[PDB]
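> 3D, please:
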Amino acid sequence: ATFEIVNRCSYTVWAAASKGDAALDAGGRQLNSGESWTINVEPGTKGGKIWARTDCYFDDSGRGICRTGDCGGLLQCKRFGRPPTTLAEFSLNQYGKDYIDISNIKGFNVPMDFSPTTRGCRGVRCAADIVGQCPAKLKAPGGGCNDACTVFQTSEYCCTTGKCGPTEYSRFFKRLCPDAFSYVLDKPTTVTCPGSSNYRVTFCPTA
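Numbering: from 1, shown residues only. Below you will find the coordinate block:
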């Protein structure tokens with residue numbers, strides 16, 4: 001499957017793509033404002049994620065740091081990134097279909113659209129100004145808006161026991177972005193797409 005990753009933000013981002021225990025394609029790349037990077041993701045990839053990283057530094061060997069979304073200091077990510085990270089999430093070729101969503105469960109750093117470029121379904125978007133409107137207790141001093149599990153480490157926010165409800169913090173993310181997951185047991189906003197669809201992830205889709 002191809003994923004076209006497009007940075008429409010006015011700032012550079014370092015895109016990342018991983019399934020948690022491995023890179024997808026090269027795992028990460030710099031995207032200046034307006035640049036597009038197309039990756040190939042193996043069919044059947046389960047639990048894949050794409051995100052943006054901000055304010056990164058890397059040396060000539062590809063090691064360094066990002067202020068949001070850092071994946072163990074690597075330019076080419078092979079693990080998931082440090083919150084806060086808006087997440088494009090997908091599982092491909094699962095019994096004939098693909099499944100896509102956007103999640104704020106790991107916080108928000110950059111607005112995003114995640115849409116098919118092929119027929120048969122609809123995209124999802126979280127492009128409100130969540131960082132500007134972020135509750136004071138969730139603001140990440142490094143940049144971004146953390147989720148409440150990251151900040152407070154409770155069973156209720158992290159849904160550790162499997163039985164959590166919405167919270168004042170999850171409801172903030174859900175009010176600003178109704179079509180993204182705001183907590184683990186949110187009513188799902190997953191879209192079913194034809195198996196083997198192709199996609200575009202656009203950072204900062206609106207102005």
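> how about residue 169, phi and psi?
Per-residue torsions, residue 169: phi -70, psi -50 (degrees, to the nearest 10).
> what number of residues lie near it?
22 (other C-beta atoms under 10 Å). For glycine as for every other residue, the C-beta is placed from the backbone atoms N, C-alpha and C.
> With the one 3 residues further on instead?
Burial of residue 172, expressed as a neighbour count using other C-beta under 10 Å, amounts to 19.
> Then residue 198?
Neighbours of residue 198 (other C-beta under 10 Å): 16.
> How much space separates it from residue 100?
Relative to residue 100, residue 198 is positioned 11 Å away (criterion: C-beta to C-beta, to the nearest Å).
> Now do the shared contacts for those two.
Residues within reach of residue 198 and of residue 100 at once, by C-beta atoms under 8 Å, 6 or more residues apart in numbering, are residue 116.
> tell me the contacts of residue 15?
Contacts of residue 15 (C-beta under 8 Å, 6+ apart): 5, 7, 28-31, 37, 50-53, 201, 203.
> Give me the distance between it and residue 144.
Taken as C-beta to C-beta, the span from residue 15 to residue 144 is 16 Å.
> Spatially central, which residue of the chain would that be?
residue 87 (1.3 Å; C-alpha atoms, centre = their mean).
> excluding its backbone neighbours, what's nearest that residue?
Closest residue to residue 87 apart from its sequence neighbours, by C-beta to C-beta, 6 or more residues apart in numbering: residue 103 at 4.4 Å.
> is it true that the one you found touches residue 89?
Yes: contact criterion C-beta atoms under 8 Å: residue 103 and residue 89 qualify, at 5.6 Å.
> higher neighbour count, the two?
Legend: neighbour count by other C-beta under 10 Å for residue 103 and residue 89, higher for residue 103 (27 against 21).
> which residues does that one bridge with?
residue 87, residue 181 (DSSP bridges).
> what sits against the closest residue to residue 146 other than its chain neighbours?
Nearest residue to residue 146 in three dimensions, chain neighbours excluded: residue 107, at 4.4 Å (C-beta to C-beta, 6+ apart). The contact partners of residue 107, by C-beta under 8 Å, 6+ apart, come to 83, 84, 85, 86, 138, 140, 144, 145, 146, 147, 150.
> What of residue 168?
residue 135.
> State the distance from it to residue 135.
Residue 168 sits 8 Å away from residue 135, going by C-beta to C-beta.
> May I ask you to confirm that residue 28 belongs to a strand?
Yes: counting by DSSP: H, G, I helix; E, B strand; the rest coil, residue 28 is part of a strand.
> what about it, neighbour count?
29.
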